[PDB]
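Chemist: For reference, the structure I am asking about is given below.
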2 protein chains.
Amino acid sequence: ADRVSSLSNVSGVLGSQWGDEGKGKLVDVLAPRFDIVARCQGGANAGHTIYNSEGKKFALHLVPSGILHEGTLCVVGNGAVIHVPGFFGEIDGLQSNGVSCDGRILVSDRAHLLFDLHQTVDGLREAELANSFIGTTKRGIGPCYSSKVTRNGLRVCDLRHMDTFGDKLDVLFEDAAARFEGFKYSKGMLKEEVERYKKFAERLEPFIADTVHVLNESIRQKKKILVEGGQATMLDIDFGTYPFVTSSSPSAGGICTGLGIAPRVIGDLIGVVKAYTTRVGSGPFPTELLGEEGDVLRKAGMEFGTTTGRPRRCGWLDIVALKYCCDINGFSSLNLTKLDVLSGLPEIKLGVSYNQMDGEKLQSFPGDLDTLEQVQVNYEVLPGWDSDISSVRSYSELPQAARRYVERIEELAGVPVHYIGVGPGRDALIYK
Amino acid sequence: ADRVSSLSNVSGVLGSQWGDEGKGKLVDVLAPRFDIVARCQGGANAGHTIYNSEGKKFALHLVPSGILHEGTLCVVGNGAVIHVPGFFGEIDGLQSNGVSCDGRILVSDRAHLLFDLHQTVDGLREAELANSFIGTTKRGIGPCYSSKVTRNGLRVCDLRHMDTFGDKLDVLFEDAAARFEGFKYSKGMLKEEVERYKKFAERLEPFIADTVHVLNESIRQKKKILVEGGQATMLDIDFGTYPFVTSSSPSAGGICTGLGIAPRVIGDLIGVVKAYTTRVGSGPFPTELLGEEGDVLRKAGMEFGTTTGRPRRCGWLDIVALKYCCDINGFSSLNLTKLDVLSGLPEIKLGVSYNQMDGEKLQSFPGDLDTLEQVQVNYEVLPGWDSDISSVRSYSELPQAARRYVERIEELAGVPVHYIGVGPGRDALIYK
Ligand SMILES: Nc1nc2c(ncn2[C@@H]2O[C@H](COP(=O)(O)OP(=O)(O)O)[C@@H](O)[C@H]2O)c(=O)[nH]1
Ligand SMILES: Nc1nc2c(ncn2[C@@H]2O[C@H](COP(=O)(O)OP(=O)(O)O)[C@@H](O)[C@H]2O)c(=O)[nH]1
């Protein structure tokens with residue numbers, strides 16, 4: 001079961017559901033076998049939680065999970081968005097925990113910039129909207145990618161030319177003001193922003209590097225590279241549950257557009273499938289458990305915001321969406337995480353079919369929410385088990401009902417399971 | 001030289017420079033060998049020009065170039081943006097020219113909608129800006145992709161639920177008004193838009209289909225599919241000459257995010273490289289020829305807007321950019337087009353190296369325009385020729401100086417040339 005040494009020159013870990021499946025943990029385990037670990041999409045809005053040898057907790061945002069290994073180079077691709085202030089704060093927090101970052105992190109010169117501006121703008125949007133509620137989710141991710149699409153946003157390369165940075169930054173400052181009256185843009189406030197990032201440019205300079213060239217050059221030199229997926233594909237701007245999705249492309253296609261590598265060079269793709277689904281926030285949720293069964297999962301899995309402490313909605317594993325997701329990415333294998341959370345459940349259901357409001361079986365996963373929010377899920381109950389498995393390291397040591405579980409999944413999904421998570425620890429992973 | 005039968009289950013044609021390289025022509029020639037031809041990115045803003053057997057001129061916008069073959073199904077992927085009014089106008093124009101479209105064109109339900117709104121908004125932007133000039137380029141492409149990223153835009157699936165379409169459309173109508181004072185949004189004007197697209201929904205209905213499912217299902221059934229690239233990768237939102245680029249991703253990664261297919265399933269990728277570069281509009285142009293040499297190319301190649309008649313800037317083939325582009329996409333081969341345009345030139349230069357403002361050779365293509373607009377190109381003059389080759393069908397029949405040309409290119413680029421265009425006609429293509 002040498003799964004660690006079976007991976008190709010260029011491999012990648014992708015989330016196959018919604019929210020946090022625990023990709024980081026896997027990336028941390030597989031990282032020492034790779035020369036480079038790169039984040040291709042998203043911003044610091046995410047948050048991978050990993051633990052070292054001593055059991056020390058680490059919560060990453062932008063930095064790839066491979067940062068805990070000396071011989072590994074972390075890279076933030078061009079597909080990403082960087083909130084420079086928060087970035088350095090993240091760096092400082094790692095440097096104080098004995099983890100050096102100097103010369104071990106590359107920042108794509110082609111990656112766009114997320115200013116505090118986008119953050120306040122993001123907030124202004126909801127303030128007037130139907131009123132999305134309670135949560136300091138001032139993640140200016142949406143607006144930043146918009147500036148990018150609009151082509152009026154700034155990129156990392158701009159910090160090398162502070163001369164023009166001024167008249168390049170005021171342009172989107174002026175824009176935002178024209179839109180919201182809750183923004184005045186003082187000419188004095190602009191002066192600061194320039195002098196602020198002028199200082200930031202000094203510190204960030206050694207990190208900047210031609211991400212596209214470096215990566216491609218690396219491949220020519222046979223350097224192994226593991227791509228860390230930002231979020232899940234069900235959250236994808238195109239394939240996810242629109243409009244309830246992210247403005248980024250968490251799918252496999254995104255690793256090409258976010259890193260600048262050829263689709264032909266991408267080898268194995270491990271899809272992280274949590275034993276049960278968890279959707280954070282409003283949106284369609286077929287397998288959603290509003291009853292005690294959901295409460296049991298939530299507490300056991302600790303499905304609560306790392307900052308907000310808000311409970312993530314839970315439910316049974318959705319195979320319909322998973323199968324659909326498998327096709328889109330073309331996963332070589334899968335990492336079935338948080339299996340230890342299902343312990344204690346007498347019955348564990350699986351969403352297999354999708355019926356219409358009347359009773360017609362759908363051949364594929366619904367695009368529009370109109371049809372999706374009105375579906376009749378067809379479950380498949382399986383024998384559960386009452387046994388703490390957070391200690392099982394070998395596959396054969398698992399309960400018969402638990403083994404039957406992964407097997408039924410890999411059967412319906414079509415893709416085999418090579419990793420089974422039974423604990424948050426770096427050590428808590430079973431190889432199949 | 002059975003290049004037509006060498007292509008994989010899923011192949012694709014991509015532009016490797018800027019502007020129009022003549023991808024459509026190739027797609028039209030290769031189309032009859034494929035079961036499906038699909039457009040993965042962009043909107044009607046493009047415009048592929050192809051000719052049938054009788055020599056009839058056809059100018060496509062959204063519809064893939066494979067539309068001229070009966071046993072071929074054209075597909076407009078989820079990555080695209082559809083301006084429904086213009087679409088039907090394009091359909092009507094094809095139906096009158098004896099080309100039926102009923103049941104031969106699929107429209108992705110997940111593809112976003114480009115309303116006249118985005119068109120007027122796009123215009124409002126430039127009106128107040130530094131003043132981009134003269135040109136009815138009211139292509140609301142930029143703003144539409146923005147609505148998408150913002151997640152407040154509408155998609156094709158919404159037309160199936162006109163009930164909510166109303167309150168879903170007014171949302172971005174209200175938005176635009178808040179931004180520009182040159183927009184008032186009459187409640188009466190909204191009423192129309194709803195009743196307009198309510199009628200459009202009736203006509204478009206038979207075209208709509210789950211693009212993602214269909215395509216993937218097709219692959220499972222071994223149906224060949226050829227992807228038609230929208231524009232070129234040097235125009236890519238991430239990899240192109242930002243900010244002078246399009247809001248879409250014309251690169252290979254884009255065919256994944258635009259169609260919903262696995263990166264592992266994409267086979268051959270033919271990169272269309274015109275014999276000389278042509279950049280339409282302002283932006284960095286290293287190999288730009290402002291002298292007579294440029295005028296000769298422009299007239300011979302007919303480098304003028306199909307609608308605006310404006311002359312496209314011209315120059316020598318840029319190998320630096322090409323090589324850089326080759327890596328990003330991973331082209332299996334290349335299609336060297338418009339070779340017949342180089343006839344008459346005593347000398348033909350090739351951009352090989354890139355020197356700094358002082359004299360330092362760059363290892364890679366520049367990201368920021370600051371450095372790019374200030375480079376010293378290092379050419380490589382080759383023997384030209386004075387011979388009308390618009391009649392040469394075999395490779396050996398070409399002039400020695402012309403053959404030496406393609407060979408030096410495929411040598412420096414690393415990827416072989418399999419197609420050489422010597423005329424706009426369907427028949428005017430040489431196989432190497
Ligand atoms: N109990 C348990 N927790 C796990 C397991 N795998 C991962 N986790 C935890 O689940 C959370 C996963 O979300 P997070 O890592 O923030 O998101 P990611 O970006 O998808 O990695 C982390 O806090 C992990 O330490 C597992 O097998 N069992
Ligand atoms: N002279 C000449 N014209 C060509 C050749 N191949 C294509 N063209 C024409 O060049 C133009 C290329 O732009 P177009 O095809 O609209 O753009 P595309 O979107 O890249 O296909 C078209 O009008 C073609 O008919 C060639 O080998 N020689």
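To be explicit about the labels: the chains of the structure tokens are called A, B, and onward in the order shown, and within each one the residues are counted from 1, while ligands get numbers from 1 in the order they are shown.
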Give the residues close to ligand 1, within 6 Å, counting only C-alpha atoms and all ligand atoms; write them as an NGL selection string.
Modeler: :A and (20-25 or 47-50 or 301 or 337-338 or 421-424)
Chemist: Residues as selected, N, CA, C and O atoms, written as a PDB file, in the first residue's frame, can you do that?
Modeler:
```
ATOM      1  N   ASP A  20     -15.437  22.407   4.478  1.00  0.00           N
ATOM      2  CA  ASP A  20     -14.186  21.808   4.911  1.00  0.00           C
ATOM      3  C   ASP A  20     -14.174  20.290   5.065  1.00  0.00           C
ATOM      4  O   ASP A  20     -14.707  19.765   6.036  1.00  0.00           O
ATOM      5  N   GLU A  21     -13.488  19.587   4.168  1.00  0.00           N
ATOM      6  CA  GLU A  21     -13.416  18.126   4.265  1.00  0.00           C
ATOM      7  C   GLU A  21     -12.132  17.651   4.947  1.00  0.00           C
ATOM      8  O   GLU A  21     -11.997  16.476   5.276  1.00  0.00           O
ATOM      9  N   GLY A  22     -11.190  18.559   5.168  1.00  0.00           N
ATOM     10  CA  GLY A  22      -9.946  18.174   5.810  1.00  0.00           C
ATOM     11  C   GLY A  22      -8.848  17.830   4.827  1.00  0.00           C
ATOM     12  O   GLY A  22      -8.071  16.904   5.053  1.00  0.00           O
ATOM     13  N   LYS A  23      -8.779  18.596   3.740  1.00  0.00           N
ATOM     14  CA  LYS A  23      -7.769  18.389   2.703  1.00  0.00           C
ATOM     15  C   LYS A  23      -6.384  18.643   3.288  1.00  0.00           C
ATOM     16  O   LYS A  23      -5.461  17.859   3.080  1.00  0.00           O
ATOM     17  N   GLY A  24      -6.253  19.757   4.001  1.00  0.00           N
ATOM     18  CA  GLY A  24      -4.984  20.115   4.612  1.00  0.00           C
ATOM     19  C   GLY A  24      -4.273  18.966   5.300  1.00  0.00           C
ATOM     20  O   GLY A  24      -3.072  18.774   5.109  1.00  0.00           O
ATOM     21  N   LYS A  25      -5.006  18.212   6.115  1.00  0.00           N
ATOM     22  CA  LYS A  25      -4.425  17.073   6.820  1.00  0.00           C
ATOM     23  C   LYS A  25      -3.700  16.153   5.838  1.00  0.00           C
ATOM     24  O   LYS A  25      -2.563  15.750   6.079  1.00  0.00           O
ATOM     25  N   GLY A  47      -8.867  27.980   5.322  1.00  0.00           N
ATOM     26  CA  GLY A  47      -8.332  27.701   6.640  1.00  0.00           C
ATOM     27  C   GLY A  47      -8.134  26.219   6.856  1.00  0.00           C
ATOM     28  O   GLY A  47      -9.059  25.510   7.247  1.00  0.00           O
ATOM     29  N   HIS A  48      -6.937  25.743   6.547  1.00  0.00           N
ATOM     30  CA  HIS A  48      -6.605  24.334   6.709  1.00  0.00           C
ATOM     31  C   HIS A  48      -6.059  24.100   8.117  1.00  0.00           C
ATOM     32  O   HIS A  48      -5.221  24.865   8.585  1.00  0.00           O
ATOM     33  N   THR A  49      -6.555  23.069   8.798  1.00  0.00           N
ATOM     34  CA  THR A  49      -6.086  22.759  10.147  1.00  0.00           C
ATOM     35  C   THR A  49      -5.268  21.466  10.143  1.00  0.00           C
ATOM     36  O   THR A  49      -5.782  20.396   9.804  1.00  0.00           O
ATOM     37  N   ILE A  50      -3.991  21.573  10.507  1.00  0.00           N
ATOM     38  CA  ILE A  50      -3.082  20.428  10.542  1.00  0.00           C
ATOM     39  C   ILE A  50      -2.304  20.346  11.866  1.00  0.00           C
ATOM     40  O   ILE A  50      -2.160  21.346  12.567  1.00  0.00           O
ATOM     41  N   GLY A 301     -18.054  15.683  15.130  1.00  0.00           N
ATOM     42  CA  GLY A 301     -17.125  16.190  14.133  1.00  0.00           C
ATOM     43  C   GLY A 301     -16.593  17.568  14.476  1.00  0.00           C
ATOM     44  O   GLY A 301     -15.543  17.985  13.969  1.00  0.00           O
ATOM     45  N   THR A 337     -12.563  10.949   4.717  1.00  0.00           N
ATOM     46  CA  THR A 337     -12.232  11.502   6.023  1.00  0.00           C
ATOM     47  C   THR A 337     -13.321  11.403   7.079  1.00  0.00           C
ATOM     48  O   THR A 337     -14.470  11.034   6.796  1.00  0.00           O
ATOM     49  N   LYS A 338     -12.928  11.752   8.304  1.00  0.00           N
ATOM     50  CA  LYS A 338     -13.800  11.748   9.476  1.00  0.00           C
ATOM     51  C   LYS A 338     -14.724  10.533   9.589  1.00  0.00           C
ATOM     52  O   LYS A 338     -15.933  10.676   9.798  1.00  0.00           O
ATOM     53  N   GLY A 421      -9.524   8.713   6.856  1.00  0.00           N
ATOM     54  CA  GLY A 421      -9.217   9.482   8.048  1.00  0.00           C
ATOM     55  C   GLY A 421     -10.069   9.089   9.239  1.00  0.00           C
ATOM     56  O   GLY A 421     -11.298   9.028   9.144  1.00  0.00           O
ATOM     57  N   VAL A 422      -9.416   8.802  10.359  1.00  0.00           N
ATOM     58  CA  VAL A 422     -10.117   8.423  11.581  1.00  0.00           C
ATOM     59  C   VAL A 422      -9.673   9.295  12.750  1.00  0.00           C
ATOM     60  O   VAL A 422      -9.710   8.871  13.909  1.00  0.00           O
ATOM     61  N   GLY A 423      -9.228  10.509  12.438  1.00  0.00           N
ATOM     62  CA  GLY A 423      -8.781  11.427  13.468  1.00  0.00           C
ATOM     63  C   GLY A 423      -8.098  12.636  12.868  1.00  0.00           C
ATOM     64  O   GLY A 423      -7.583  12.566  11.757  1.00  0.00           O
ATOM     65  N   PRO A 424      -8.108  13.780  13.563  1.00  0.00           N
ATOM     66  CA  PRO A 424      -7.469  14.995  13.055  1.00  0.00           C
ATOM     67  C   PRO A 424      -5.942  14.927  13.011  1.00  0.00           C
ATOM     68  O   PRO A 424      -5.307  15.687  12.279  1.00  0.00           O
TER      69      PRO A 424
END
```
Chemist: So which residues touch residue B:154 within 7 Å, counting only C-alpha atoms, skipping near sequence neighbours fewer than 4 positions away, as a compact mmCIF listing (two decimals) with N, CA and C atoms, in the first residue's frame?
Modeler:
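Result went into out_1.txt, see below:
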```txt
# COMPACT_ATOMS: atom_id res chain seq x y z
N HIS B 112 -23.86 31.56 -18.27
CA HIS B 112 -24.44 32.82 -17.83
C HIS B 112 -25.09 33.64 -18.93
N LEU B 113 -25.91 34.60 -18.53
CA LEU B 113 -26.62 35.46 -19.48
C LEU B 113 -26.07 36.87 -19.61
N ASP B 158 -32.38 29.76 -15.50
CA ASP B 158 -33.36 30.72 -14.98
C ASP B 158 -34.54 30.98 -15.91
```
Chemist: Select, from A:256, A:270, A:352, A:91, the residue with the minimum atom-to-atom distance to chain B, counting only C-alpha atoms.
Modeler: A:256
Chemist: Distance limit 6 Å, atoms considered: only C-alpha atoms. Which chain B residues sit that close to chain A? Return them as a compact mmCIF listing (two decimals) with N, CA, C and O atoms, in the first residue's frame.
Modeler:
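Output saved as part_18.txt:
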```txt
# COMPACT_ATOMS: atom_id res chain seq x y z
N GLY B 142 -16.92 41.82 -20.36
CA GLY B 142 -16.31 42.12 -19.08
C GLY B 142 -17.31 42.13 -17.93
O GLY B 142 -17.18 41.35 -17.00
N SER B 146 -18.31 39.56 -14.60
CA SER B 146 -18.24 40.21 -13.30
C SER B 146 -19.48 39.81 -12.51
O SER B 146 -19.37 39.38 -11.35
N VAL B 149 -18.93 36.34 -11.28
CA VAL B 149 -18.03 36.31 -10.14
C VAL B 149 -18.76 36.85 -8.91
O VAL B 149 -18.59 36.34 -7.80
N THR B 150 -19.58 37.87 -9.12
CA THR B 150 -20.36 38.49 -8.05
C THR B 150 -21.47 37.54 -7.62
O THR B 150 -22.00 37.66 -6.51
N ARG B 151 -21.79 36.58 -8.48
CA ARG B 151 -22.82 35.58 -8.22
C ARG B 151 -24.25 36.14 -8.21
O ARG B 151 -25.17 35.49 -7.70
N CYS B 157 -30.54 28.36 -17.03
CA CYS B 157 -31.56 27.61 -16.29
C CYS B 157 -32.69 28.49 -15.76
O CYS B 157 -33.83 28.03 -15.61
N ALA B 178 -27.39 52.15 -9.22
CA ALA B 178 -26.70 52.71 -8.07
C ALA B 178 -25.31 53.19 -8.45
O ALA B 178 -24.82 54.19 -7.92
N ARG B 179 -24.67 52.47 -9.36
CA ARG B 179 -23.34 52.80 -9.83
C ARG B 179 -23.33 54.03 -10.74
O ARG B 179 -22.83 55.10 -10.36
N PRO B 243 -3.21 44.58 -17.97
CA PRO B 243 -4.67 44.44 -17.98
C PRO B 243 -5.28 44.33 -19.37
O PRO B 243 -6.49 44.15 -19.50
N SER B 247 -11.75 39.10 -20.12
CA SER B 247 -12.18 38.64 -18.80
C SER B 247 -12.37 37.12 -18.73
O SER B 247 -12.67 36.58 -17.67
N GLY B 253 -6.72 25.41 -19.47
CA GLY B 253 -7.44 25.24 -18.21
C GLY B 253 -8.89 25.63 -18.41
O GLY B 253 -9.80 24.99 -17.88
N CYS B 256 -11.65 23.13 -19.26
CA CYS B 256 -12.12 22.30 -18.18
C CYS B 256 -13.21 23.04 -17.43
O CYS B 256 -14.29 22.52 -17.21
N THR B 257 -12.89 24.27 -17.03
CA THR B 257 -13.84 25.10 -16.29
C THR B 257 -15.02 25.54 -17.15
O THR B 257 -16.10 25.84 -16.63
N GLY B 260 -16.56 21.41 -18.24
CA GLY B 260 -16.84 20.51 -17.14
C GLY B 260 -16.26 19.13 -17.36
O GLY B 260 -16.86 18.13 -16.96
N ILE B 261 -15.09 19.06 -18.00
CA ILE B 261 -14.43 17.79 -18.25
C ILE B 261 -13.11 17.68 -17.48
O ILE B 261 -12.44 18.68 -17.21
N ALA B 262 -12.74 16.45 -17.15
CA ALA B 262 -11.53 16.19 -16.39
C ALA B 262 -10.25 16.48 -17.17
O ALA B 262 -10.13 16.14 -18.35
N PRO B 263 -9.27 17.13 -16.52
CA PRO B 263 -8.00 17.46 -17.16
C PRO B 263 -7.30 16.22 -17.70
O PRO B 263 -6.53 16.30 -18.65
N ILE B 328 2.28 26.62 -21.04
CA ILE B 328 0.99 26.81 -20.37
C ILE B 328 -0.11 25.85 -20.81
O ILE B 328 -0.90 25.38 -19.99
N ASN B 329 -0.19 25.60 -22.11
CA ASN B 329 -1.22 24.73 -22.66
C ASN B 329 -0.78 23.29 -22.88
O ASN B 329 -1.56 22.35 -22.66
N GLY B 330 0.47 23.10 -23.27
CA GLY B 330 0.97 21.76 -23.53
C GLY B 330 0.44 21.28 -24.87
O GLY B 330 -0.28 20.29 -24.96
N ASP B 368 4.16 41.71 -15.74
CA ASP B 368 3.78 43.13 -15.74
C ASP B 368 4.12 43.87 -17.04
O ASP B 368 5.16 43.63 -17.66
```
Chemist: So that I can check the secondary structure, give me every residue of stretch 79-225 of chain A assigned strand (DSSP E) by backbone DSSP, as an MDAnalysis selection string.
Modeler: chainID A and resid 81:82 105:108 112:113 208:209 225
Chemist: Could you save the residues just selected, with N, CA and C atoms, as a compact mmCIF listing (two decimals), in the first residue's frame?
Modeler:
```txt
# COMPACT_ATOMS: atom_id res chain seq x y z
N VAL A 81 -5.59 35.11 -4.54
CA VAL A 81 -5.83 36.52 -4.24
C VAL A 81 -5.17 36.76 -2.89
N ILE A 82 -4.31 37.77 -2.83
CA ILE A 82 -3.58 38.03 -1.60
C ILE A 82 -3.91 39.30 -0.83
N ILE A 105 8.63 30.13 0.76
CA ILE A 105 7.32 30.50 0.25
C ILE A 105 7.45 31.43 -0.94
N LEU A 106 6.81 31.06 -2.04
CA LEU A 106 6.82 31.88 -3.23
C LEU A 106 5.45 32.52 -3.40
N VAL A 107 5.44 33.77 -3.84
CA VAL A 107 4.20 34.50 -4.07
C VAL A 107 4.13 34.91 -5.53
N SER A 108 3.18 34.33 -6.26
CA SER A 108 2.99 34.60 -7.68
C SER A 108 2.88 36.08 -7.99
N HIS A 112 -3.55 38.40 -7.99
CA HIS A 112 -4.18 39.69 -7.70
C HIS A 112 -4.14 40.11 -6.24
N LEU A 113 -4.40 41.40 -6.00
CA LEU A 113 -4.38 41.96 -4.66
C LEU A 113 -5.74 42.24 -4.04
N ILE A 208 8.22 37.31 -3.74
CA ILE A 208 7.78 37.37 -5.13
C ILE A 208 8.69 36.60 -6.08
N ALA A 209 8.07 35.97 -7.07
CA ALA A 209 8.78 35.19 -8.08
C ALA A 209 7.81 34.79 -9.17
N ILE A 225 5.44 17.93 -7.48
CA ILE A 225 4.61 19.03 -7.01
C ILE A 225 3.19 18.57 -6.65
```
Chemist: Which one of B:218, B:287, B:186, B:45 sits closest to ligand 2 if you count only C-alpha atoms and all ligand atoms?
Modeler: B:45
Chemist: Where does DSSP see alpha helix (DSSP H) in stretch 151-329 of chain A, if you list the residues as JSON, numbers by chain?
Modeler: {"A": [162, 163, 164, 165, 166, 167, 168, 169, 170, 171, 172, 173, 174, 175, 176, 177, 178, 179, 187, 188, 189, 190, 191, 192, 193, 194, 195, 196, 197, 198, 199, 200, 201, 202, 203, 204, 211, 212, 213, 214, 215, 216, 217, 218, 219, 220, 253, 254, 255, 256, 257, 258, 259, 292, 293, 294, 295, 296, 297, 298, 299, 300, 301, 319, 320, 321, 322, 323, 324, 325, 326, 327, 328, 329]}
Chemist: At what distance in Å, to one decimal, does atom CA of residue B:320 lie from atom CA of residue B:357?
Modeler: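 Between atom CA of residue B:357 and atom CA of residue B:320 the gap works out to 16.7 Å.
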Chemist: Can you pull out the residues contacting stretch 306-314 of chain B? Cut-off 10 Å, using only C-alpha atoms, and skip same-chain residues under 6 positions away; I want them as a compact mmCIF listing (two decimals) with N, CA, C and O atoms, in the first residue's frame.
Modeler:
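Wrote it out as result_21.txt, contents follow:
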```
# COMPACT_ATOMS: atom_id res chain seq x y z
N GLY B 19 -5.41 38.16 -30.62
CA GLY B 19 -6.38 38.25 -31.70
C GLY B 19 -6.74 37.00 -32.47
O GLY B 19 -6.67 35.88 -31.96
N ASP B 20 -7.08 37.21 -33.73
CA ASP B 20 -7.55 36.16 -34.62
C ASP B 20 -6.48 35.41 -35.42
O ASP B 20 -5.97 35.93 -36.40
N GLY B 47 -15.60 35.69 -33.38
CA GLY B 47 -16.03 35.71 -34.77
C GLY B 47 -15.12 34.88 -35.64
O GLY B 47 -14.08 35.36 -36.10
N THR B 49 -14.25 32.89 -39.03
CA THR B 49 -14.61 32.97 -40.45
C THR B 49 -14.19 31.69 -41.17
O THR B 49 -13.00 31.36 -41.24
N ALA B 59 -19.52 33.66 -41.09
CA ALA B 59 -18.92 34.32 -39.95
C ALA B 59 -19.68 33.97 -38.67
O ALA B 59 -20.78 34.47 -38.42
N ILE B 134 -13.18 55.48 -30.14
CA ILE B 134 -13.91 55.17 -31.36
C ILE B 134 -14.04 53.69 -31.67
O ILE B 134 -13.08 53.02 -32.06
N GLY B 135 -15.25 53.18 -31.45
CA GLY B 135 -15.51 51.77 -31.69
C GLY B 135 -16.73 51.35 -30.90
O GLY B 135 -16.81 51.56 -29.68
N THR B 136 -17.72 50.83 -31.61
CA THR B 136 -18.95 50.37 -31.00
C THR B 136 -18.76 49.00 -30.32
O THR B 136 -19.64 48.12 -30.37
N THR B 137 -17.60 48.82 -29.69
CA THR B 137 -17.26 47.60 -28.98
C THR B 137 -18.04 47.51 -27.67
O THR B 137 -17.46 47.41 -26.59
N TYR B 276 2.67 35.55 -38.45
CA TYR B 276 3.04 36.85 -37.89
C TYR B 276 1.97 37.21 -36.86
O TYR B 276 0.83 36.76 -36.95
N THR B 277 2.34 38.04 -35.89
CA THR B 277 1.41 38.42 -34.84
C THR B 277 0.57 39.65 -35.19
O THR B 277 1.00 40.51 -35.96
N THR B 278 -0.64 39.69 -34.65
CA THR B 278 -1.54 40.82 -34.87
C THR B 278 -2.28 41.08 -33.58
O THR B 278 -3.00 40.23 -33.07
N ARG B 279 -2.04 42.25 -33.01
CA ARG B 279 -2.72 42.60 -31.78
C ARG B 279 -3.74 43.68 -32.10
O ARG B 279 -3.42 44.70 -32.70
N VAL B 280 -5.00 43.41 -31.78
CA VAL B 280 -6.06 44.38 -32.03
C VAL B 280 -6.29 45.28 -30.81
O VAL B 280 -6.78 44.82 -29.77
N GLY B 281 -5.97 46.56 -30.94
CA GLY B 281 -6.15 47.50 -29.84
C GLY B 281 -4.85 47.83 -29.13
O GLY B 281 -3.79 47.31 -29.47
N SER B 282 -4.93 48.74 -28.16
CA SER B 282 -3.75 49.14 -27.41
C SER B 282 -3.23 48.04 -26.49
O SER B 282 -3.99 47.16 -26.07
N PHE B 285 3.37 45.52 -27.45
CA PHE B 285 3.62 44.85 -28.71
C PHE B 285 5.10 44.97 -29.04
O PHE B 285 5.54 45.94 -29.67
N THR B 287 7.25 42.88 -31.00
CA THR B 287 7.52 42.68 -32.42
C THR B 287 6.73 43.59 -33.36
O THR B 287 6.72 43.37 -34.57
N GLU B 288 6.09 44.62 -32.81
CA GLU B 288 5.29 45.53 -33.63
C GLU B 288 6.03 46.24 -34.76
O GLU B 288 7.09 46.85 -34.55
N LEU B 289 5.46 46.15 -35.96
CA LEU B 289 6.01 46.79 -37.14
C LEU B 289 5.18 48.02 -37.49
O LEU B 289 4.04 47.90 -37.94
N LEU B 290 5.75 49.19 -37.27
CA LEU B 290 5.07 50.44 -37.57
C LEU B 290 5.42 50.88 -39.00
O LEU B 290 4.75 51.74 -39.57
N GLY B 291 6.49 50.30 -39.54
CA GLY B 291 6.93 50.63 -40.89
C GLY B 291 6.21 49.89 -42.00
O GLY B 291 5.33 49.08 -41.74
N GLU B 293 6.87 47.39 -43.70
CA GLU B 293 6.85 45.94 -43.53
C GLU B 293 5.54 45.51 -42.86
O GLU B 293 5.00 44.44 -43.14
N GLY B 294 5.07 46.35 -41.94
CA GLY B 294 3.83 46.08 -41.25
C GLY B 294 2.66 46.31 -42.18
O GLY B 294 1.71 45.52 -42.20
N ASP B 295 2.73 47.38 -42.96
CA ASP B 295 1.68 47.72 -43.91
C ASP B 295 1.51 46.62 -44.95
O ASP B 295 0.39 46.32 -45.38
N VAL B 296 2.62 46.01 -45.37
CA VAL B 296 2.58 44.93 -46.36
C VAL B 296 1.81 43.73 -45.81
O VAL B 296 1.00 43.13 -46.53
N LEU B 297 2.10 43.37 -44.57
CA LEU B 297 1.44 42.25 -43.91
C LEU B 297 -0.05 42.53 -43.78
O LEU B 297 -0.89 41.75 -44.22
N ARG B 298 -0.36 43.66 -43.14
CA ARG B 298 -1.73 44.09 -42.91
C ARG B 298 -2.64 43.97 -44.13
O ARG B 298 -3.75 43.46 -44.03
N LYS B 299 -2.19 44.49 -45.27
CA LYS B 299 -2.97 44.44 -46.50
C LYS B 299 -3.10 43.03 -47.07
O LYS B 299 -4.18 42.63 -47.51
```
Chemist: Separation of atom CA of residue B:389 and atom CA of residue B:68, in Å?
Modeler: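 We find that atom CA of residue B:389 and atom CA of residue B:68 lie 26.7 Å from each other.
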Chemist: Using Å and a single decimal, report how far atom CA of residue B:206 sits from atom CA of residue A:356.
Modeler: 20.2 Å
Chemist: Nearest to ligand 2: which of B:62, B:159, B:101, B:375 is it, counting only C-alpha atoms and all ligand atoms?
Modeler: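 Distance minimum relative to ligand 2 lands on B:62.
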